[PDB]
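Step one of this worksheet: look at the structure below.
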There are 6 protein chains.
Amino acid sequence: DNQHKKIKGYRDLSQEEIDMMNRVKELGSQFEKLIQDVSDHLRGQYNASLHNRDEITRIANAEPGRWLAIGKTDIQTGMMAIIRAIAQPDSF
Amino acid sequence: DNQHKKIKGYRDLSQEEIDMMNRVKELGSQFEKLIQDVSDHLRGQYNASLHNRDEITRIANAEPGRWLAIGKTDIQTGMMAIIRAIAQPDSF
Amino acid sequence: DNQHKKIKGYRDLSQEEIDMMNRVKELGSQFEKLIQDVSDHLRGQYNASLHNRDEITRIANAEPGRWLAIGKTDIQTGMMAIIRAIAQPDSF
Amino acid sequence: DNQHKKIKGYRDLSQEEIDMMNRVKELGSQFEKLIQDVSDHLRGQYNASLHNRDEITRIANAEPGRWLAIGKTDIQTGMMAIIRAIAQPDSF
Amino acid sequence: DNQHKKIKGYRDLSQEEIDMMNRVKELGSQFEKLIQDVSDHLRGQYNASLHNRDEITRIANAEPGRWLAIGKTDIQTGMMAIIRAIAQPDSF
Amino acid sequence: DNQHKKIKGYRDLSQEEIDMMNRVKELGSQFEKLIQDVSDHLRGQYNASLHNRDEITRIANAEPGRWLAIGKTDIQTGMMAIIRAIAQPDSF
C-alpha cells in the first residue's frame with residue numbers, strides 16, 4: 001500500500017500531474033497501434049515478395065524490422081522522459 | 001524536380017507507403033502539442049514557485065526541461081526510424 | 001493517495017521489487033557523486049590551465065563537459081530501464 | 001609496447017586520471033552485478049510463473065529482458081563518456 | 001511522381017543541398033565497408049580461436065558483435081541527423 | 001609509462017588491431033570535416049536570410065544545429081563502439 005512512498009525520490013503527485021502522465025501514455029498507445037500496423041505491412045510485403053529473390057534481398061538490406069524496433073524503443077524512452085519531466089523525482 | 005531520384009538510395013514510393021509515413025508524422029504532431037503543453041506547465045510551475053527557494057531548488061534538481069528535451073529528441077528520432085522502415089531505402 | 005493505481009499500467013509491487021528498484025537508485029547516487037567529482041576536476045583543470053592558451057584550446061577541443069553530460073544522461077536513462085524491467089508495467 | 005602512443009589522439013595520462021577512469025570502471029562492475037541479479041529474478045519469475053498463461057503473457061508484454069539490455073548498454077556507454085571526459089583525447 | 005510534395009514537411013531542395021546529403025551518404029558507405037571488415041576480423045578471430053575455451057570465453061565476455069551493431073546504428077542515425085539538418089523539414 | 005596496463009580491462013593489442021582502430025578514427029576525421037562544412041552552410045544560410053523573418057522562422061523551427069549536434073554525437077559514439085569491438089576489453 002502506498003508503494004510510492006516506499007520508493008526513493010518519488011513524490012506525491014497532483015491530479016493534474018497524473019492526468020498529463022496518463023495522456024502521454026495514451027498517445028503512446030496510439031503509436032503502438034501504428035507500430036503494429038507497420039509490422040503487419042512488412043510481413044505482407046515479405047509474403048507477397050516471396051519468390052522474388054531480388055525483392056527479398058532488398059528488404060533484407062533495408063532492415064525494416066530493425067528500424068521499427070529502434071523506433072519503438074525511442075518512442076518509449078522518450079515517453080518516459082516526458083513523464084519524468086512531469087513527475088519531477090527527487091532522485092538522480 | 002523529382003528530387004528523390006537525385007538522392008542516393010531513395011526509391012519510388014507507393015501511395016500506401018506515403019500514407020503511412022504521413023500518419024507517423026501526424027501522430028508526431030500530436031506529441032509536439034503535448035510537449036508544448038508540458039513546457040507550459042513547467043513555466044507556470046516556476047512562476048508560481050517564485051519566492052519559494054525550496055521549491056525552485058527542487059525544480060532545478062529535477063531538471064524537467066532537460067528531460068522534456070531528451071523526450072522530444074527520442075520521439076522524433078523514433079519517428080524517423082519507423083519512417084525508414086516504411087521507406088526502405090537502398091543505402092546504408 | 002494510492003497514486004499508482006491512478007496511473008495507467010502501474011501495478012502493485014512486491015517489497016522485493018521495490019528493494020531492487022531502490023538499489024538501482026542507490027547505486028546511481030554513487031555515480032552522481034563520481035560525476036560531480038569529475039566536474040570538479042575539470043573545473044580545476046581549467047583554472048590551473050588559465051594562461052596556457054594551448055592547454056585551454058586542448059580542453060575545448062576535447063569537450064569534456066559535453067561528454068560528462070552525455071554520460072550522466074546515459075547512466076540515468078539506463079537506470080530507468082533496469083527499473084522498468086523490475087517494475088514490469090502494463091502499458092507500452 | 002606503449003600501445004597508446006600508437007593510437008591517434010591518445011595522450012599521456014596522469015595517475016590521477018587513471019585512478020578516476022578506474023573508479024568509473026569499478027562502479028560499473030557493481031552495476032553489472034545488479035544487472036545479473038535482476039536477470040536472475042526475471043528467470044525465477046518466469047519459472048515460477050510457468051503454467052500461468054496469464055502471467056507469462058504479462059511478462060512477455062512487459063519485455064523485461066529487453067529493458068535490462070537497454071539499461072546495460074546505457075550504463076556502459078555512459079561510463080565510456082565519463083572516461084572520455086577524464087581522458088580527453090585529441091581526436092574527434 | 002514528385003513524391004516529396006506528397007510527404008508532409010518535405011520541401012524543395014537545392015542541388016547544393018542534395019549534394020551535401022549525398023556526400024554524407026557516400027561517407028557512410030565507407031563506414032559500412034569498415035564495419036564489414038571488422039565483422040570479418042571477428043569471424044576469423046573466432047575461428048582461429050576455436051579450441052581455446054579461454055579465448056572463446058574472452059570474446060564472448062567482450063561482446064564484440066553487439067558493439068559493432070551499436071556502432072552501425074549510431075553511425076546511421078547520426079547520418080540521418082546531419083541529413084535532417086541539411087534538408088530542414090517543416091514538420092516536427 | 002605503459003599506461004594501458006594500469007587501466008582495468010585494457011589488454012595488449014596487435015598492430016592489426018591498432019591499425020583498425022586508427023582507421024575508424026581517420027574516417028571519423030572525414031566526418032568532422034563534413035560536419036564543419038554543414039555548419040558553415042547553415043551559418044551562411046542564416047546570414048543570407050537575415051531580413052526575411054519568414055525564412056529565419058523556418059530555420060528556427062527546423063532546428064538544424066541541434067540536428068547537426070545530435071549527429072556528431074552519434075557518429076562519435078558509434079566510432080567508440082566499433083573501436084570497442086576491435087579492442088575487446090576485459091571489463092564491463
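Each chain in the C-alpha cells gets a letter, A, B, ..., in the order shown, and its residues are numbered from 1; ligands are numbered from 1 in order too.
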Legend entry - Sel. of helix (DSSP H, G or I) residues, chain B, as number ranges by chain: B: 3-6, 15-48, 53-62, 64-87
Select from chain E every residue with an atom at most 12 Å from any atom of chain A, then for each give the shortest pair of atoms and their distance in Å to one decimal, using only C-alpha atoms, rows by chain and rising number, as a Markdown table.
```
| residue | atom | partner | partner_atom | distance |
| --- | --- | --- | --- | --- |
| E:69 | CA | A:66 | CA | 11.0 |
| E:70 | CA | A:70 | CA | 11.1 |
| E:72 | CA | A:66 | CA | 11.9 |
| E:73 | CA | A:70 | CA | 8.9 |
| E:74 | CA | A:70 | CA | 10.9 |
| E:76 | CA | A:67 | CA | 10.7 |
| E:77 | CA | A:70 | CA | 9.9 |
```
Take the residues from that selection and write them out as a short mmCIF file (atom, residue, chain, number, x, y, z; two decimals), in the first residue's frame, keeping C-alpha atoms.
```cif
data_model
loop_
_atom_site.label_atom_id
_atom_site.label_comp_id
_atom_site.auth_asym_id
_atom_site.auth_seq_id
_atom_site.Cartn_x
_atom_site.Cartn_y
_atom_site.Cartn_z
CA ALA E 69 25.97 -3.35 -34.03
CA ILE E 70 25.60 -0.48 -31.60
CA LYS E 72 26.44 0.85 -37.01
CA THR E 73 23.19 2.09 -35.63
CA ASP E 74 24.85 5.15 -34.25
CA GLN E 76 23.48 5.56 -39.38
CA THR E 77 21.26 7.51 -37.02
#
```
Inset, instruction - Could you tell me which of F:62, F:34, F:68, F:75 comes closest to residue 90 in chain E if we count only C-alpha atoms? - result: F:62
Legend entry - Test item: residues at most 9 Å from residue 12 in chain B, only C-alpha atoms, excluding those fewer than 5 positions along its chain, as number ranges by chain: B: 4-5, 87; E: 1, 3
Restricting the output to N, CA and C atoms, write the selected residues as a compact mmCIF listing (two decimals), in the first residue's frame.
```txt
# COMPACT_ATOMS: atom_id res chain seq x y z
N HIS B 4 13.87 13.25 -55.41
CA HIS B 4 14.18 11.98 -54.81
C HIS B 4 15.04 11.11 -55.63
N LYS B 5 14.88 11.16 -56.93
CA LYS B 5 15.66 10.35 -57.82
C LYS B 5 17.07 10.86 -57.89
N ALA B 87 9.84 3.43 -45.70
CA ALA B 87 10.51 3.85 -46.92
C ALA B 87 11.49 2.88 -47.49
N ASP E 1 4.86 10.19 -58.84
CA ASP E 1 5.67 11.28 -59.34
C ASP E 1 5.71 12.45 -58.37
N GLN E 3 7.01 12.60 -55.45
CA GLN E 3 6.58 12.05 -54.19
C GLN E 3 6.78 12.98 -53.06
```
What would you get as a PDB file with C-alpha atoms, in the first residue's frame if chain D were moved onto chain A by least squares over all of its C-alpha atoms in order?
```pdb
ATOM      1  CA  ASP D   1       0.000   0.000   0.001  1.00  0.00           C
ATOM      2  CA  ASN D   2       1.234   3.469  -0.857  1.00  0.00           C
ATOM      3  CA  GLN D   3       4.108   1.943  -2.706  1.00  0.00           C
ATOM      4  CA  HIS D   4       5.335   5.235  -3.980  1.00  0.00           C
ATOM      5  CA  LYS D   5       6.303   6.474  -0.598  1.00  0.00           C
ATOM      6  CA  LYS D   6       8.469   3.419  -0.298  1.00  0.00           C
ATOM      7  CA  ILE D   7      10.365   4.299  -3.498  1.00  0.00           C
ATOM      8  CA  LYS D   8      13.261   6.706  -3.224  1.00  0.00           C
ATOM      9  CA  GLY D   9      12.593  10.025  -4.869  1.00  0.00           C
ATOM     10  CA  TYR D  10       9.031   9.505  -5.713  1.00  0.00           C
ATOM     11  CA  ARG D  11       6.843  12.309  -4.596  1.00  0.00           C
ATOM     12  CA  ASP D  12       3.204  12.940  -4.107  1.00  0.00           C
ATOM     13  CA  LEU D  13       1.580  13.933  -7.340  1.00  0.00           C
ATOM     14  CA  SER D  14      -1.258  16.202  -8.247  1.00  0.00           C
ATOM     15  CA  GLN D  15      -4.199  15.057 -10.291  1.00  0.00           C
ATOM     16  CA  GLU D  16      -3.050  17.447 -12.897  1.00  0.00           C
ATOM     17  CA  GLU D  17       0.311  15.730 -12.997  1.00  0.00           C
ATOM     18  CA  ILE D  18      -1.195  12.275 -13.226  1.00  0.00           C
ATOM     19  CA  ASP D  19      -3.511  13.400 -15.977  1.00  0.00           C
ATOM     20  CA  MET D  20      -0.623  14.599 -18.018  1.00  0.00           C
ATOM     21  CA  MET D  21       1.392  11.453 -17.427  1.00  0.00           C
ATOM     22  CA  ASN D  22      -1.598   9.455 -18.445  1.00  0.00           C
ATOM     23  CA  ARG D  23      -2.033  11.497 -21.591  1.00  0.00           C
ATOM     24  CA  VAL D  24       1.499  10.697 -22.686  1.00  0.00           C
ATOM     25  CA  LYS D  25       0.818   7.056 -22.076  1.00  0.00           C
ATOM     26  CA  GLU D  26      -2.400   7.228 -24.069  1.00  0.00           C
ATOM     27  CA  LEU D  27      -0.689   8.893 -27.029  1.00  0.00           C
ATOM     28  CA  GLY D  28       1.904   6.190 -26.839  1.00  0.00           C
ATOM     29  CA  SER D  29      -0.768   3.592 -27.138  1.00  0.00           C
ATOM     30  CA  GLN D  30      -1.688   5.163 -30.442  1.00  0.00           C
ATOM     31  CA  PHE D  31       1.911   4.818 -31.539  1.00  0.00           C
ATOM     32  CA  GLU D  32       1.871   1.195 -30.560  1.00  0.00           C
ATOM     33  CA  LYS D  33      -1.023   0.595 -32.904  1.00  0.00           C
ATOM     34  CA  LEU D  34       0.857   2.288 -35.703  1.00  0.00           C
ATOM     35  CA  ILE D  35       3.927   0.248 -34.992  1.00  0.00           C
ATOM     36  CA  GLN D  36       1.847  -2.903 -35.172  1.00  0.00           C
ATOM     37  CA  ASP D  37       0.369  -1.751 -38.438  1.00  0.00           C
ATOM     38  CA  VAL D  38       3.784  -1.172 -39.962  1.00  0.00           C
ATOM     39  CA  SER D  39       4.832  -4.617 -38.814  1.00  0.00           C
ATOM     40  CA  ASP D  40       1.805  -6.050 -40.488  1.00  0.00           C
ATOM     41  CA  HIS D  41       2.675  -4.283 -43.698  1.00  0.00           C
ATOM     42  CA  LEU D  42       6.184  -5.585 -43.594  1.00  0.00           C
ATOM     43  CA  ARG D  43       5.018  -9.131 -43.061  1.00  0.00           C
ATOM     44  CA  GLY D  44       2.694  -8.863 -46.003  1.00  0.00           C
ATOM     45  CA  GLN D  45       5.387  -7.346 -48.095  1.00  0.00           C
ATOM     46  CA  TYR D  46       7.664 -10.246 -47.361  1.00  0.00           C
ATOM     47  CA  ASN D  47       4.937 -12.767 -48.184  1.00  0.00           C
ATOM     48  CA  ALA D  48       3.979 -11.151 -51.374  1.00  0.00           C
ATOM     49  CA  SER D  49       7.562 -10.902 -52.262  1.00  0.00           C
ATOM     50  CA  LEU D  50       8.301 -14.486 -51.740  1.00  0.00           C
ATOM     51  CA  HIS D  51       9.858 -15.924 -54.922  1.00  0.00           C
ATOM     52  CA  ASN D  52      11.359 -12.630 -55.892  1.00  0.00           C
ATOM     53  CA  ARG D  53      14.836 -13.040 -54.624  1.00  0.00           C
ATOM     54  CA  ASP D  54      15.656  -9.593 -55.778  1.00  0.00           C
ATOM     55  CA  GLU D  55      12.958  -8.029 -53.675  1.00  0.00           C
ATOM     56  CA  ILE D  56      13.680 -10.274 -50.693  1.00  0.00           C
ATOM     57  CA  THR D  57      17.298  -9.183 -50.862  1.00  0.00           C
ATOM     58  CA  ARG D  58      16.126  -5.579 -50.961  1.00  0.00           C
ATOM     59  CA  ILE D  59      14.014  -6.000 -47.849  1.00  0.00           C
ATOM     60  CA  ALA D  60      16.876  -7.702 -46.082  1.00  0.00           C
ATOM     61  CA  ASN D  61      19.335  -4.987 -46.970  1.00  0.00           C
ATOM     62  CA  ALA D  62      16.847  -2.360 -45.839  1.00  0.00           C
ATOM     63  CA  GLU D  63      16.420  -3.966 -42.464  1.00  0.00           C
ATOM     64  CA  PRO D  64      12.922  -2.658 -41.871  1.00  0.00           C
ATOM     65  CA  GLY D  65      12.216  -4.586 -38.674  1.00  0.00           C
ATOM     66  CA  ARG D  66      15.358  -3.391 -37.000  1.00  0.00           C
ATOM     67  CA  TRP D  67      14.354   0.103 -37.805  1.00  0.00           C
ATOM     68  CA  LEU D  68      10.850  -0.379 -36.460  1.00  0.00           C
ATOM     69  CA  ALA D  69      12.401  -1.748 -33.318  1.00  0.00           C
ATOM     70  CA  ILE D  70      14.748   1.189 -32.956  1.00  0.00           C
ATOM     71  CA  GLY D  71      11.734   3.459 -33.299  1.00  0.00           C
ATOM     72  CA  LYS D  72       9.611   1.746 -30.719  1.00  0.00           C
ATOM     73  CA  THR D  73      12.390   1.984 -28.222  1.00  0.00           C
ATOM     74  CA  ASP D  74      12.848   5.625 -28.960  1.00  0.00           C
ATOM     75  CA  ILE D  75       9.181   6.464 -28.653  1.00  0.00           C
ATOM     76  CA  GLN D  76       9.001   4.604 -25.418  1.00  0.00           C
ATOM     77  CA  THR D  77      12.155   6.028 -23.905  1.00  0.00           C
ATOM     78  CA  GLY D  78      11.008   9.462 -24.861  1.00  0.00           C
ATOM     79  CA  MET D  79       7.674   8.955 -23.232  1.00  0.00           C
ATOM     80  CA  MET D  80       9.481   8.102 -20.056  1.00  0.00           C
ATOM     81  CA  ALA D  81      11.434  11.329 -20.261  1.00  0.00           C
ATOM     82  CA  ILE D  82       8.341  13.482 -20.680  1.00  0.00           C
ATOM     83  CA  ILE D  83       6.798  11.612 -17.776  1.00  0.00           C
ATOM     84  CA  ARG D  84       9.914  12.251 -15.728  1.00  0.00           C
ATOM     85  CA  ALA D  85       9.624  15.911 -16.509  1.00  0.00           C
ATOM     86  CA  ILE D  86       6.063  15.898 -15.249  1.00  0.00           C
ATOM     87  CA  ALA D  87       6.786  13.724 -12.208  1.00  0.00           C
ATOM     88  CA  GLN D  88       9.915  15.523 -11.193  1.00  0.00           C
ATOM     89  CA  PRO D  89      11.520  12.949  -8.919  1.00  0.00           C
ATOM     90  CA  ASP D  90      13.912  13.800  -6.134  1.00  0.00           C
ATOM     91  CA  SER D  91      16.483  11.298  -7.045  1.00  0.00           C
ATOM     92  CA  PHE D  92      19.257  11.294  -9.612  1.00  0.00           C
TER      93      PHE D  92
END
```
